[PDB]
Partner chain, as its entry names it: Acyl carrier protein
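One chain is shown next in structure tokens, namely the form deposited without its partner chain.
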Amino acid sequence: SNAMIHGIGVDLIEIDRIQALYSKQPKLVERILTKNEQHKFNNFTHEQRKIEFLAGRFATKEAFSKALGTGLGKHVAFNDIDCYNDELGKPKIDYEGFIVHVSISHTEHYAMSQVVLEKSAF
């Protein structure tokens, strides 16, 4: 085999900023979500969970876009990046041609995500 790292991305998001944005323009904020992510979001009852979810998605989607690079990836629509967790709780994103590695974390005030994209060299 001939694996190689294509690119990496990291993003840190201040949860309070996302709280403010969501209170002001909830529908505009929700446009970053895919249909699957929207379905999940619509089942939440509590605002704290809603904001954590959104903040985490902002962070992951940005980290992924940065890792991909290319004009194509820099300009990927956030609502076309479907983030999910596997049956073991590992965050994932499917993207043809790459093995996408993701990791997430959050605290009360911050959400952070990192992405590493690997590729076969040929």
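Residue numbers count along the first chain shown, from 1. What we label the rigid core is the largest C-alpha set whose atoms superpose within 1.5 Å from one form to the other.
The form solved in complex with its partner chain is left out here; the points below concern that form.
For the chain shown alone, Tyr84 is not a contact residue for its partner chain in the deposited complex, no non-hydrogen atom being within 4.5 angstroms.
Although the partner is absent here, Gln48 is a contact residue: one of its heavy atoms lies within 4.5 angstroms of its partner chain in the deposited complex. Superposed on the rigid core, the two forms differ between the shown form and the other one by 2 Å or more at the C-alpha of one listed residue only; from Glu62, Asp82, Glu30, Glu52 that residue is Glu30.
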